[PDB]
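Down below is the structure, laid out as structure tokens.
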Amino acid sequence: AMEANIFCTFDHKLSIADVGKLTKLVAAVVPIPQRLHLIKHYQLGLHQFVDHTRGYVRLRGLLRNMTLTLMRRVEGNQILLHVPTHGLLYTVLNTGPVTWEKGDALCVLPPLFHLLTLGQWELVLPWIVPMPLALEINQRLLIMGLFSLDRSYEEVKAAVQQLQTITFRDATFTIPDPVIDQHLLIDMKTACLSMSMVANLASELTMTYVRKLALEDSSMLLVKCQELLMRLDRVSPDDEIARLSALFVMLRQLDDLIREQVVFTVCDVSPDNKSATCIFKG
Amino acid sequence: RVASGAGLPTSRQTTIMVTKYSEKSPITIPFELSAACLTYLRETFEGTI
Amino acid sequence: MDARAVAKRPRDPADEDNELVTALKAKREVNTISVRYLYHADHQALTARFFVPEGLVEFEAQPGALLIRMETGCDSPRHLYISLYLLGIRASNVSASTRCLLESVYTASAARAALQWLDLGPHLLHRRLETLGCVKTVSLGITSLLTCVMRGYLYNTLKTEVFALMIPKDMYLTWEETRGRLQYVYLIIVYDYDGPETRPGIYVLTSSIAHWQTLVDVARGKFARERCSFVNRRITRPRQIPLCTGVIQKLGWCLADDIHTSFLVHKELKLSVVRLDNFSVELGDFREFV
Numbered sequence: 003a004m005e006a007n008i009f010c011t012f013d014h015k016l017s018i019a020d021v022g023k024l025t026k027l028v029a030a031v032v033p034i035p036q037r038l039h040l041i042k043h044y045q046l047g048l049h050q051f052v053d054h055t056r057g058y059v060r061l062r063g064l065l066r067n068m069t070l071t072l073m074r075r076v077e078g079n080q081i082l083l084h085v086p087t088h089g090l091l092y093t094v095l096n097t098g099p100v101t102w103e104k105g106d107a108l109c110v111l112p113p114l115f116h124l125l126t127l128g129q130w131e132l133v134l135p136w137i138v139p140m141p142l143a144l145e146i147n148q149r150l151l152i153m154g155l156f157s158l159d160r161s162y163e164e165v166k167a168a169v170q171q172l173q174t175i176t177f178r179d180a181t182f183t184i185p186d187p188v189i190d191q192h193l194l195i196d197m198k199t200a201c202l203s204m205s206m207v208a209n210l211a212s213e214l215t216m217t218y219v220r221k222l223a224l225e226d227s228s229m230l231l232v233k234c235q236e237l238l239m240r241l242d243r259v260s261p262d263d264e265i266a267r268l269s270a271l272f273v274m275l276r277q278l279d280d281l282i283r284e285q286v287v288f289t290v291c292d293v294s295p296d297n298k299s300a301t302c303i304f305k306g
Numbered sequence: 099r100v101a102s103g104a105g106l107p108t109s110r111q112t113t114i115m116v117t118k119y120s121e122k123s124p125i126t127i128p129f130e131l132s133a134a135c136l137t138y139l140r141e142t143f144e145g146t147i
Numbered sequence: 001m002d003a004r005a006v007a008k009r010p011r012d013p014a015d016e017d018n019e020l021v022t023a024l025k026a027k028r029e030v031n032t033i034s035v036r037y038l039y040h041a042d043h044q045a046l047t048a049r050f051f052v053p054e055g056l057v058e059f060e061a062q063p064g065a066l067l068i069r070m071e072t073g074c075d076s077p078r079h080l081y082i083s084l085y086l087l088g089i090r091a092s093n094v095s096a097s098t099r100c101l102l103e104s105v106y107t108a109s110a111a112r113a114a115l116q117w118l119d120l121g122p123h124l125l126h127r128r129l130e131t132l133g134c135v136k137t138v139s140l141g142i143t144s145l146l147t148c149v150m151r152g153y154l155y156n157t158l159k160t161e162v163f164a165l166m167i168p169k170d171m172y173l174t175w176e177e178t179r180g181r182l183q184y185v186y187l188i189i190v191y192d193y194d195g196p197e198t199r200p201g202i203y204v205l206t207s208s209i210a211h212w213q214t215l216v217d218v219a220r221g222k223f224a225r226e227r228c229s230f231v232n233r234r235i236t237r238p239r240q241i242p243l244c245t246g247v248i249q250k251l252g253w254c255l256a257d258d259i260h261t262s263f264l265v266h267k268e269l270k271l272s273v274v275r276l277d278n279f280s281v282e283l284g285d286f287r288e289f290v
């Protein structure tokens, strides 16, 4: 009674020490671009995705829609990938940089800090990380991208030095900088521009729309809202249509950072902390 | 291993592998031969008692 | 490959012999262990063991209660396992008589230690707690041992007792008299944004609604006093940044024809509870709503 096992062949001569290296990565997660049956290693992981001029967020947007397979067995000239289904439970290796505990909710992240290597190929596997550190990394990286243009001053270098490191249980770990050579990548440029645009349109149109709605105010809630907006604040309608559609398209160009779906929840970890048992979730 | 009651932690699957090795300690007790004995063994001289 | 294998009936996964039986009978030995029917083989209740101190195991000898874990910022305990009945002190919805009752049962060190840990940091409870599911067994030494159920039903081994989840009456909340045929049950934590009384409101909602948008839309209209309190604390105390006025998450679903009343007994201290017999656990993460 065989199960769903994607046969992943290779295209290169390997030594016995190469298979002995690869057989240590049994219970690990692997991203796959399409739920196929027979696949090479060039479509196996993230090194096919890694762009020189595109960064973390564009890798993450191409990480929400990947079949997160495992590696059930390795043998002569082939690997047996194992597609998980929602409901069962599987062993996941602790290949992330940060340890876990009993009861956490785990999700996926690109490897910020740096395995098989070939001439053009380097096998790379994604970070698996608990949810609060994931949200902390998102809110660190967006703000560190927001300090891109004003990088020249002497205080903000110490500020991004403070923002560069995070703290978990005994994990005094730090991240790479999104800005390289004093100019932002176009990925994080779009990510910060969407936030600045939605803030600058919310601070402009909401007053007009809440004072339009205030005549049909049938609750004790919208009046406090417009009083709040009034306390903060001290044309042709096709422009309004264009502005509202611009607001919603800059919201639509943002949903890779606003949330993260829970993928794994641990149930019991291995002693010495190298693997755990996780029920898969969609 | 050995069973215990409930409420106590147990002992898992455990195996140990050791490997002895081999020393090398040669000996040499070289003997000399006085050269008269060597020159009188392997060749024959005249027939005297 | 050939037509007989796909034309054969599927192999009975239970009536075929076990791996130990097909290992023994091929070599023909005997052992003192009776083998031929393994327990838990036809199980789908995905269990998980849990160690707890004695102070958090009261009201848990009777099976069925929410084993909701927390985390403290101090490094020696990274997590702890609160019961839902022990969360009733921080519950603003719990009445004063019931609160004075259930404070007279958790008078060990661990419970009040968790109570001090809950109201100390700069966070709310939804980024402090984490839900696991229901407990069904207890070893009950001094350091006890609990086996929660993450996904599946709540049954004893050999399937002979469907265990039931109880919730206290001050956290039960239904919203329509005409209850649906199948209904789901969610975990609502609301916040009244009073200054001193920032203790949250705990609710276990049992509704027929399974969607998320039409659940939070009818959830905004039943906590509008607390929503207006959020806006009120937003305007009278600016330059403080609160968030997550309410949080919900999917706990499970029941059959709606057996959700009834009962009472827990623990050292002859009864407590009226809402009992859910054929409970299932299908977790969802803490989503929020404003």
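Residue numbers (PDB author numbering), protein chains in the order written: chain o, 3 to 116, 124 to 243, 259 to 306; chain D, 99 to 147; chain m, 1 to 290. C-beta: ideal position from N, C-alpha, C; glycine also.
>> Buried or exposed, going by whether 16 or more other CB atoms sit within 10 Å of the CB of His126 of chain m?
In response: buried
>> Using C-beta distances below 6 Å, list every residue in its chain close to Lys250 of chain m, excluding the 5 sequence neighbours before and after it, in chain order.
In response: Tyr186, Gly284
> Between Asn31 of chain m and the rest of its own chain, which residues show a CB-CB distance below 8 Å, the 5 nearest in sequence each way excluded?
Replying inline: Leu24
> What's the gap between the Cα of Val293 of chain o and the Cα of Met171 of chain m?
Replying inline: 33 Å
> Is DSSP giving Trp175 of chain m helix, strand or coil here?
Replying inline: coil
> Helix or strand or just coil, what does DSSP make of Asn232 of chain m?
Replying inline: helix
> Name the residues in the stretch 142–157 of chain m whose C-beta lies less than 9 Å from a C-beta of chain D; which are they?
Replying inline: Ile142, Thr143, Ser144, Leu145
> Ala104 of chain D versus chain m: which residues are under 9 Å apart at the beta carbon?
Replying inline: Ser139, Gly141, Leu145
> Are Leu146 of chain m and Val52 of chain m close, meaning C-beta to C-beta below 7 Å?
Replying inline: yes
> Under 7 Å Cβ-Cβ, which residues of chain m neighbour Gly57 of chain o?
Replying inline: What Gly57 of chain o touches in chain m: nothing, since even the nearest Cβ is about 27 Å away.
> chain m beta carbons: is any one of them nearer than 7 Å to that of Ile282 of chain o?
Replying inline: no
> So which residues on chain o does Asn278 of chain m lean against when the C-beta distance must stay under 7 Å?
Replying inline: None at all; the shortest Cβ gap to chain o is about 19 Å.
>> Helix, strand or coil for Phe12 of chain o? Go by DSSP, reduced to three states.
In response: coil
> Would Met73 of chain o pass as a contact of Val138 of chain o if the rule is Cβ separation under 7 Å?
Replying inline: no
>> Quick check on the burial criterion: 16 or more other C-beta atoms within 10 angstroms. Buried or exposed for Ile142 of chain m?
In response: exposed
> Whose C-beta lies closer than 7 Å to the C-beta of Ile81 of chain o among residues of the same chain, with five residues either side of it excluded?
Replying inline: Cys10, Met73
> Which ranges would you report for the beta strand (DSSP E) in the stretch 59–86 of chain m if only whole runs of at least 3 residues count?
Replying inline: 67–70, 80–83
> So who's on the other strand from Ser272 of chain m, going by DSSP bridges?
Replying inline: m:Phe263
> Does any C-beta atom of chain m lie closer than 7 Å to the C-beta of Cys291 of chain o?
Replying inline: yes
> Applying the criterion that 16 or more other CB atoms from any shown protein chain within 10 Å of the CB defines a buried residue, is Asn156 of chain m buried or exposed?
Replying inline: exposed
> Would you report the Cα separation of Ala223 of chain o and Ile184 of chain o, rounded to the nearest angstrom?
Replying inline: 47 Å
> Can you tell me the Cα-Cα spacing of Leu38 of chain m and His211 of chain m, whole angstroms?
Replying inline: 40 Å
> Could you give the distance in angstroms between the alpha-carbon of residue 117 of chain o and the alpha-carbon of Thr55 of chain o?
Replying inline: Not modelled: residue 117 of chain o, which lies between 116 and 124, the two residues flanking a gap in chain o.
> What are the residues that DSSP puts in a beta bridge with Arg49 of chain m?
Replying inline: m:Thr147
> Taking the continuous alpha helix (DSSP H) assigned at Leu127 of chain o, which residues delimit it?
Replying inline: Segment: none, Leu127 of chain o is in no alpha helix (DSSP H) and carries neither H nor E.
>> Check for me: the beta strand (DSSP E) holding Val100 of chain o runs from which residue to which?
In response: Where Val100 of chain o is concerned, there is no enclosing beta strand (DSSP E), given that its DSSP letter is neither H nor E.
>> Please report the distance separating the alpha-carbon of residue 122 of chain o from that of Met70 of chain m.
In response: There are no atomic positions for residue 122 of chain o here, as chain o continues from 116 directly to 124.
> Three or more C-beta pairs closer than 8 Å, one from the stretch 52–66 of chain m and one from the stretch 254–269 of chain m: is that the case here?
Replying inline: yes
>> Could you give the first and the last residue of the continuous alpha helix (DSSP H) run that contains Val290 of chain m?
In response: Where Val290 of chain m is concerned, there is no enclosing alpha helix (DSSP H), given that its DSSP letter is neither H nor E.
>> Let me check understanding here. Comparing Cα to Cα, which of o:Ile195, o:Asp279, o:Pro99 lies closest to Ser299 of chain o?
In response: o:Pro99
> Just to check, is the beta-carbon of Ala108 of chain m closer than 6 Å to a non-hydrogen atom of the ligand FAD?
Replying inline: This structure does not include the ligand FAD; it has no bound ligands of any sort.
>> In this structure, how does DSSP classify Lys221 of chain o when only helix, strand and coil are distinguished?
In response: helix
> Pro141 of chain o by DSSP, collapsed to three states: which one?
Replying inline: helix
> DSSP three-state call for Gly201 of chain m: helix, strand or coil?
Replying inline: strand
>> Would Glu60 of chain m pass as an interface residue toward chain o - the criterion being a Cβ-Cβ separation below 7 Å?
In response: no
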